[PDB]
Amino acid sequence: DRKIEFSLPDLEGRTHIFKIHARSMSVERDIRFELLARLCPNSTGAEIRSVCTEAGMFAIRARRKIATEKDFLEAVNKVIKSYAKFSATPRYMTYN
Amino acid sequence: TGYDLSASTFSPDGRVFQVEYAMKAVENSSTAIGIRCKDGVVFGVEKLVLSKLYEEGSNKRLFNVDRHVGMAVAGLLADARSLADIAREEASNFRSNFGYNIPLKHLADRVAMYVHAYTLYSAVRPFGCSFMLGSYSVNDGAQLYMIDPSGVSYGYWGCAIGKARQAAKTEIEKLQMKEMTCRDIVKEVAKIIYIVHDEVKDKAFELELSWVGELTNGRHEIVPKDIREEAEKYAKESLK
Amino acid sequence: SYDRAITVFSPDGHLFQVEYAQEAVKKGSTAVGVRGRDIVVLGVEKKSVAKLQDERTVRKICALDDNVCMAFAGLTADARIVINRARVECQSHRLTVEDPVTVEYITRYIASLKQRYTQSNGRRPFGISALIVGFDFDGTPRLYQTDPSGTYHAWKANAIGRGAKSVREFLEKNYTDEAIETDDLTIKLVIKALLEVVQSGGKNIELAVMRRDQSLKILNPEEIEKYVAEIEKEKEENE
Amino acid sequence: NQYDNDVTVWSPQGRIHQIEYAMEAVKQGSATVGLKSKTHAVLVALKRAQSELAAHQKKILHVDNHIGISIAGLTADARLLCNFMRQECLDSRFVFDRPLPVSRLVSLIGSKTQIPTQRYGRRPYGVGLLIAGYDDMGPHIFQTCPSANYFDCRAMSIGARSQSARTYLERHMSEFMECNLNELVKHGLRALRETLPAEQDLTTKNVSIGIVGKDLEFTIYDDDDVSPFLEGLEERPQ
Amino acid sequence: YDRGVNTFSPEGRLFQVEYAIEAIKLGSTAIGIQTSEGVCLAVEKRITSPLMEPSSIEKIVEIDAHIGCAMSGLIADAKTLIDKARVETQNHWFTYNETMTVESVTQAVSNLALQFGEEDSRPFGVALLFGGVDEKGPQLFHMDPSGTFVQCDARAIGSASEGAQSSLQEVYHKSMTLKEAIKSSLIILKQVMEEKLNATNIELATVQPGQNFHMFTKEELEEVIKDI
Amino acid sequence: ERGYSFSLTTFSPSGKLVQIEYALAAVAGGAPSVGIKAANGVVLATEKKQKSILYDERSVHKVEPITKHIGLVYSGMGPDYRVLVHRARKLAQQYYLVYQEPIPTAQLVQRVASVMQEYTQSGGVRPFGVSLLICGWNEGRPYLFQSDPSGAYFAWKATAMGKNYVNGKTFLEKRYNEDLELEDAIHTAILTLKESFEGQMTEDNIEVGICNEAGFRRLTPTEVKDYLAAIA
Amino acid sequence: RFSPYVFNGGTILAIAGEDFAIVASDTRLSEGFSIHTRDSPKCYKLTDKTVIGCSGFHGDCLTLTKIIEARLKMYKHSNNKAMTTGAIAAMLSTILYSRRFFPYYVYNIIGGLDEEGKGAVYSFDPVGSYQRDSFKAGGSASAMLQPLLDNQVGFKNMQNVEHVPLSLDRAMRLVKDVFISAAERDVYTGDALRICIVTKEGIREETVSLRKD
Amino acid sequence: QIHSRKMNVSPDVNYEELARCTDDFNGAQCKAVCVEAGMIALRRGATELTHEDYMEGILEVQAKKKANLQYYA
C-alpha cells in the first residue's frame, strides 16, 4: 500500500545530518555547518558521515586535538570531488 | 522480448507486432458501420457523449474527402484527420493533372500505399486508424472500400469497424442490400446500431448518419434532420 | 550526416564527456609557465626522448604569431588542429583591424571554439588544455589558460599536466615579487619548479623564454646544464 | 518498461505512453475556465507566482482582434505555437483581406502538432490551449491537447484541479445561453473559487479575464479593471 | 537504459531540462534588487588561487548602454547567450531607431533557450538576471534554462540562492533607496560566501534613469565595505 | 527516407573486425570453385547443382563476362554477386570512355576491391558475402586474381574457393606446374572439382569459362561433355 | 515587351503644424489617356496619430500598404505598444531598400504627431532615403506645389513680412487653394480632394470637389 | 461506493466525480483510496469525510514524485 520515497536531502536535511554526525566530536567552536552543506549539492547521508569521519583524521594526521574549519574543507574536496569518479548515485537516480 | 520494438524487425516466427499492436488500438474506438444499397452508399456512426459539456456537432468521426467520396474513421482521431488530409489532397492532384473526378479503385489504392509506407521503417510508426471509403458514380455505381492500419483494402457489400465488429456484421448479413434503395436502408442502418452498446457501458450516445447516391445527385452530404428523426423514431421498437 | 547528442547532462548536473576529457589532460606531460615583468618564461618538462628521433618534430611549444606563443597538454592529435585553426584566425585579424592580435583576443577565439564544440551534434569534446603566453602592444606580459570546457582564465603562474596540483602548490609558497627580479632569476624559478616534478634532471626539460621584442628562443641543453648546476649549487650551500 | 521511451513505439495494449505523459504536463499548470453565451465568449484564468515579490505569470494572450487564447503547461512551447498562431492569422488577412475563421484555424494546429507525434526523436507539444473566437456563426470555445485532438465544446476547464470546475459547469450550463456579459463572467468566476483551497480565493492580482464580444474587440483585463467584475460575488459557504 | 534527449517523465516534466535546473546550484551566488531609484546588482567571484588574476573573470557584463546582466551556473555557454542579446539590441536600433525595452530583450533570448534536438543539442545550463532602465523605469527580470522568465523585485541566484531569498524577503520594501539597497545586498553576501569580504572578491554595477550602465571598480567600492 | 550514418563494424578488444570474420564464414559455405592459369590462358570452373529437376539450368549463369577479355566467377551468396557484377560492368566503361582502351585486369581489381573496402566502413551496411576470381589476358600474359569481402586482393597461380577449399589447395599444389596448355588446365580443373561434387558430374552440373589471347568466352555444354568425358 | 511599370498619377501634400498635421490628396486613378475611377484616395490611416500618402505605380501602392500594416501588428505582439511616427519612418527605409535592385515605384510621405504632440513630416524617395521636414508635396504636380508653400509657409523671398506660425484655420484654406491651381494645369490632378487632419483627438476627414476634366 | 460503507461519510461526495478523477485504476487501487482517505481525516482529527480527503488520498495512491514543479502555466 505505502510507497515511501527516500530522496536526497535538500538543504536543511543536509545541515541536520552534519549536526547528527558531528555532535560527538572535538571541534572548533566557531565553525558553520550551513556553509558546508552548500558544497554538497547531490550527496547522500552516508557520504556526509564519511566527510565528518575523514576530517577528524586530519587532526590526527599532524598532532592536534580539535578539528578546524579548514580541516573540513580538506575533507570535502577529497570525499565529494576527488572520489567523484565513483559517486554511486547518478546511474541509480534513474534507477537503472 | 526485444523483437517487437521497431517496425523494421520480423519476429522469430515471421510477423510484425508493431502493426498488430496498432490494430489493437482500433477496437477502443466505438463503432462505424457502412453498407451500400442498390444505388448508393449509406454510412453510420454512433457517437459517444463523453460529457455534457461538449457541443452537439463536435469532433465528427465522419469526414468528406471529395465532392462524391466520403470517409468514416475509427481509431486515434489525430491520425484519422491526418489521413483525411492526404486523401483530400490526393484527389486534387488527379483532377488537376487528368481533368476528371478520381475513381475509388484508384483513390483507395493511392491511400493504402501511403499507409503501407509507414510499416517499413524504424523512424516512423504505423497509423492507428482504420476507415471506410464509399461513393457513387453515374458510370460506375456505388463503391465501398475499407483500409486497415497494415494497408490492405478490399471491396465490401457492408462492413463494420469499432469495438463490436463481429457483433455488428452478424446482423448486416440479415439484410438484403442488393435490392433496397437508399431510403429504407437509412432506417435499417440505425436499427443495427441501437441493438449494440448496452446502456451499462455508456449512458447516452449520438447518432450520426451519412448518405450518397443519385438520390443525392452524386454529391456526398449528411442526412437531413427529418429523415434521421424517422430512424430515431424507429429506435425504440427493438424492445419487442 | 551523423546527428547524435554526445555531450548530455547527468541526473545530478554534470557533463560527463567534458570531465572525462579533463582526465586525458591529467596524464599528459607537465607544462609550467610564469611571467616576469619584462620576459616571460615557460617550459614543458618530460621531453621523454629516446635518442633515436628527430628532436624538432616532437616540440610542444609553437608560435601563433610573432608575439604569441603556446604550450599544451593532453593528446597531441587534437592539439595541432586547434593550433592550425588559430593560425588562420590570427592571420585573418590582420586583414581586418590593422594591429597584431592581442593575447586576450586569441584566447577568446580558442575558448569559444572549444565551448560550441561541446554543444554540437556527434562530436566528442577536445581533450587538451593550453597556456597562451604573449607580451602584447605597450609591453604588458600576461598569460592565460584554457580548460577543455572552454573557460579562458588569466594567471600569474600556472602549471598543467601530469602532476599539476603539486607544482601549483609549490609555486604559491615560492612566488615572491623579487623572484621575477632578473630575467635569469625568473628562469631559476621555473627550473626549480619542474625539478620539483617528474624528475627530468636537465635531460627532459626544454625552457623557452621570450623577451617582449624577440621571437621564442629555446636555450639548448648547455645553459640548462649551467642553470641546473647553479640552482642546485645554492641549494648545496644553504642546506 | 521498455515500451515507455520513444513516441514511435506502440504499447502492446496499443497506447503510446509519450502522448499520455504530455497529458501530465498540462495537469501541472494552474486552472483556467472558458465558456460562451449566444453572443459572447469569456475565458478566465488563474495566475501563480513563485515568491511574494515575484510577479504573476500571465496566461491569456492576444492572437488577433477576434481570437484570444489561454495556455497551460510549459510556457516555452506555448510561445512556439503562439508565434505560429499569429502568423497564420495575418497572412490570411494579407491574402484574402478577411478575418480567418476560428474553426479553420484550429485544424491548422491539429495538423501542426500531429507531425512530431509520429517521427523519431520528436517530442509532443505540452500545451493547454483554450481558444475563444468569432466566426460568422457567433462565439466558439475550443480546447486542444498534446494528442493533437481538438474538441468543440461550450464550456471547459483545464489545469491543476479542474474536475471540480467541470462539475460546477454541468449543473449551471442551462443558464449560460441567456445572460448578458455581467453574470456570464461571474458564472465563470464561481468556477474558479471552486478549484481552490478553502481560504484564499480572488485577491485581484492572480486572476485575469478576456472577452470577445459581438460588437467588442478582444480585450484583456488585468488586476485593476478586474475589480469591477470581481465585486458582486457572495462569500464562500461553509 | 539510455533515453533520448527529448523524453517526458512519467511525472511529465522532461529529463534534461530538469537536470539543467540542478546545474545552476553549483554556480556562484548573485543578488539583484530592483529599486525605483535604480537597479543594483551584485555577485561574488569565488577566487580559487592566490596566483590567479582576479579581474580576468567577470559575472556582470553589459548588453547595451542601459541594460546589464548577471550570470550563474556555467560560464562558457553563457557567452553564447550574451552575444545573441547584443546583436538583437543592435538590429532593433538599426531598424527602429530606438532602444529595445528590457522585457523584449529577455523573450528574444528565452526563445533561443529551448531549441535543442537531433535535426538542423542540449539545453543551456546558465541562469541570468537582466537589470535595465527602459521607459517604464527600472526593471529586473530572471530567466531559466527552461526558458521561463518573470519579473522579480529581489532575486538571488546561485549556490546560496534559497538561503539568501529568505533573508531578502524580510528587508525589502517597495520604497527603498539605491544607497541603502547597495548596503543591504552586501550584508547578505557577507553571510553566504566562504572567504572574507573585500574589494576583490565581489563586484557591483548599478543602472540609473539619469546616467547609463555603470559598473563599480575597486576605488569607489570599498567605501561601502568600510561603512558596512 | 534516410540512412543510419554510423558504422556497425567496430574493432573487437582483441583487435579483429568481427563482421568481416563472419562474412568469410558465409564464403566458405558456398559452392566450390577453382581457377587455374597456365601459360596461355586462364581456366575458371565452378560447380552448379540445381536442387531439383524442375529448375531451368540454362537461365542463370555463374560464369559472367565483364568485357571482351575479362571473366569473373564467385563462391558465396547469390544476390550479393549480381550487385558487384553490375558495378564492375560499369567501371570497365568509365575507363573506356576516358582512355579508349580495354581496361587492364589489374586496374579492374584495383577498383572492384575499392568498392568492397568502402562498403565495410560506411554507415549502416553489412559487408558483402562473396569472394571473386577474375581472369584475363592483357598484353599477352594472363592474370588470375582473388578478392575477399575485406577488400584485399592477391595474385594466384592456382587456387580454390568454396567448400573444402583447404583440400583443393593441397590437391592443386601436387598437380600444377609452370608448363601446361589451356586444355591441360581444363582437365585438372575438372579433376579437382571431382573431389567435392556428387556422383554424377554431367554436362550441366558444372560451368567452365576460359581466356585466350582471342578473348574471354564461356563453354557451351557440348564440348563441356567432351571434357567431362575421358576425365578422372 | 512586357514592361513591368506604369505611371498611375496622383498628387499628395503634407504640412506639419504645431499641434496638428494635414495630409491631403486627389482621388483620381488613371493611366495612359484614360480614367479608371474618380474615387481612389491615398489617405491611409496607419494609427490614430500617423497617416501615409502613397503615389506612383498603383500595384506597388496596394502591396506596400499591406506590408506595412502587418508589421505594425507584429511590433505590438512583440513589444506591447504601438509604433511611434519616427519608428515607422525608420522601419520603412529598410523596407524600401530591401528591393534595391528592383525598386518600388512609390513616393511616400508620412505625416503625424510625435511623442510631444507636434507635427512631423517624413518624405521618401523610391529607394528609401528620408528626412524630417515641415511641408512636402509629392506625386505628379509636386513641382507646382513646392514653390507656393515656400512663399507662404516658409516665408521665403519676402522683405519686411512678419513670421507668424501657421494656424489650423489658415492651413486649411491654404491647402484648399493650392490644389485648385494644380487642377487647372495638371492633367492628372483629380476631382475630389480628400483632406485628413491629424490632431491630438483623432483623425478628421473632409472631401472637397474640384473640376472634372 | 462499496468500501465506503463502514465509514462516516458526509453527503458532500460525488462518486460520479470521484470515479472520473480516478482513471486507470483497478479494484485494488479504488479500494486503496477509501482507506487512505479514511486515515487523512484522523490526522486532522476530523470525524466525517469530505470531498478533498478523497482527493488527497488519490495523490498518495498514484505515488508521484514531488520535485518543486510550479514553473508551468
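Neighbour counts are summed over all protein chains in view; Cβ atoms, including those assigned to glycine, are modelled from backbone coordinates with ideal geometry. Only the coordinates and a few stated rules stand behind these numbers; no lab work does.
A few notes on this one:
- Test result for E:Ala205, more than 14 Å from every other protein chain (Cβ to nearest Cβ), in contact with a strand residue (DSSP E or B) (Cβ under 7 Å, 6 or more places away or on another chain) and more than 30 Å from E:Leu14 (Cβ to Cβ): yes
- Filtered by the rule that a residue be surrounded by fewer than 22 Cβ atoms within 10 Å (Cβ to Cβ), over 23 Å from C:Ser10 (Cα atoms) and either more than 8 Å from chain D (Cβ to nearest Cβ) or of a type in the set (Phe, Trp, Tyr) (or both), the range E:108-132 gives E:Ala108, E:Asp120.
- Subset of the range H:26-71 [touching a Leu at 6+ places or on another chain (Cβ under 9 Å), outside any loop (DSSP other than H, G, I, E, B) and within 10 Å of another protein chain (Cβ to nearest Cβ)]: H:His51, H:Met55
- Here E:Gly38 fulfils each of the conditions (1) crowded, with 18+ Cβ neighbours inside 10 Å; (2) under 17 Å from E:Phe149 (Cα atoms) apart from (2).
- Residue, farthest from B:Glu46 (Cα to Cα), within the range B:74-132, restricted to residues that are among the basic types (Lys, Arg) and more than 14 Å from every other protein chain (Cβ to nearest Cβ): B:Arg95
- Test: residue in the range E:46-62 that is in a helix (DSSP H, G or I), away from chain D (no Cβ under 14 Å) and buried (at least 17 other Cβ atoms within 10 Å of the Cβ): no
- Scope the range G:78-87; condition facing chain E (nearest Cβ under 9 Å) and either part of a helix (DSSP H, G or I) or of a type in the set (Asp, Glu) (or both); matching residues: G:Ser78, G:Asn79, G:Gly86, G:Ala87
- Qualifying residue in the range A:30-41 (condition: within 14 Å of chain C (Cβ to nearest Cβ) and under 30 Å from E:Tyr1 (Cβ atoms)): yes
- One residue stands out in the range D:58-77 among those that are among the polar types (S, T, N, Q) and buried (at least 23 other Cβ atoms within 10 Å of the Cβ): the one that is farthest from the other protein chains (Cβ to nearest Cβ), namely D:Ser70.
- Any hit, the range H:34-44, residues being within 21 Å of A:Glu5 (Cα to Cα), surrounded by 17 or more Cβ atoms within 10 Å (Cβ to Cβ) and among the acidic types (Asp, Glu): yes
- Taken together, the criteria place G:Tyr104 among residues that are crowded, with 21+ Cβ neighbours inside 10 Å and assigned to a loop (DSSP other than H, G, I, E, B).
- Within the range D:1-32, the set of residues being among the aromatic types (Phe, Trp, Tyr) and within 11 Å of chain E (Cβ to nearest Cβ) comprises D:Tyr21 only.
- Test: residue in the range E:26-44 that is more than 13 Å from chain C (Cβ to nearest Cβ), on the phi > 0 side of the Ramachandran plot, in contact with a helix residue (DSSP H, G or I) (Cβ under 9 Å, 6 or more places away or on another chain) and not in a loop (DSSP other than H, G, I, E, B): yes
- Filter result (in a loop (DSSP other than H, G, I, E, B), within 13 Å of E:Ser9 (Cα to Cα) and among the polar types (S, T, N, Q)) within the range D:1-27: D:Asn1, D:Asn5
- In the range E:157-170 there is at least one residue that is crowded, with 23+ Cβ neighbours inside 10 Å, more than 7 Å from every other protein chain (Cβ to nearest Cβ) and not aliphatic (A, V, I, L, M).
One line per residue, one yes/no per condition, for (1) within 21 Å of the chain's Cα centre (by Cα); (2) of a type in the set (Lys, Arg); (3) over 20 Å from B:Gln143 (Cα atoms):
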site: B:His197; (1), (2), (3): yes, no, yes
site: B:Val200; (1), (2), (3): no, no, yes
site: B:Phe205; (1), (2), (3): yes, no, yes
site: B:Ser210; (1), (2), (3): yes, no, no
site: B:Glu221; (1), (2), (3): yes, no, no
site: B:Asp226; (1), (2), (3): no, no, yes
site: B:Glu230; (1), (2), (3): no, no, yes
site: B:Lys233; (1), (2), (3): no, yes, yes
site: B:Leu239; (1), (2), (3): no, no, yes
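- So G:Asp48, is it surrounded by fewer than 22 Cβ atoms within 10 Å (Cβ to Cβ) and within 25 Å of D:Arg93 (Cα to Cα): yes
- Verdict on E:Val105 being closer than 28 Å to H:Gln70 by Cα, within 14 Å of chain G (Cβ to nearest Cβ), in contact with a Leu (Cβ under 9 Å, 6 or more places away or on another chain) and surrounded by 19 or more Cβ atoms within 10 Å (Cβ to Cβ): no
- Among (1) touching a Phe, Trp or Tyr at 6+ places or on another chain (Cβ under 8 Å); (2) part of a loop (DSSP other than H, G, I, E, B); (3) within 11 Å of chain E (Cβ to nearest Cβ), the one test that D:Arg48 misses: (1)
- Helices (runs of 4 or more DSSP H) fully within the range D:74-187 that include at least 3 residues being among the small types (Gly, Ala, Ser): D:75-95, D:102-114.
- When residues in the range D:94-121 are screened for being more than 10 Å from chain B (Cβ to nearest Cβ), on the phi < 0 side of the Ramachandran plot and over 24 Å from the mean Cα position of the chain (by Cα), 4 of them pass.
- Hey, C:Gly202 away from chain E (no Cβ under 14 Å) and not β-branched (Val, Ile, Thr) or not: yes
- For the range C:50-64, the count of residues that are closer than 16 Å to C:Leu131 by Cβ and crowded, with 23+ Cβ neighbours inside 10 Å is zero.
- Any hit, the range C:73-87, residues being away from chain E (no Cβ under 14 Å), surrounded by 22 or more Cβ atoms within 10 Å (Cβ to Cβ), at positive phi and not polar (S, T, N, Q): yes
- Selection count where residues are surrounded by 14 or more Cβ atoms within 10 Å (Cβ to Cβ), closer than 25 Å to F:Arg141 by Cβ and not small (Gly, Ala, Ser), scope the range F:51-84: 10
- Looking at the range E:118-228, the helices (runs of 4 or more DSSP H) lying wholly inside it that each contain 1 or more residues that are under 18 Å from the mean Cα position of the chain (by Cα) sit at E:161-169, E:178-192.
- Options D:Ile131, D:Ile141; residue that is more than 11 Å from chain B (Cβ to nearest Cβ) and crowded, with 21+ Cβ neighbours inside 10 Å: D:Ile131
- C:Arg94, sole failed condition from (1) surrounded by fewer than 15 Cβ atoms within 10 Å (Cβ to Cβ); (2) within 20 Å of the chain's Cα centre (by Cα); (3) part of a helix (DSSP H, G or I): (2)
- Boolean, E:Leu204 is in contact with a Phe, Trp or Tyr (Cβ under 7 Å, 6 or more places away or on another chain) and within 23 Å of E:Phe130 (Cβ to Cβ): yes
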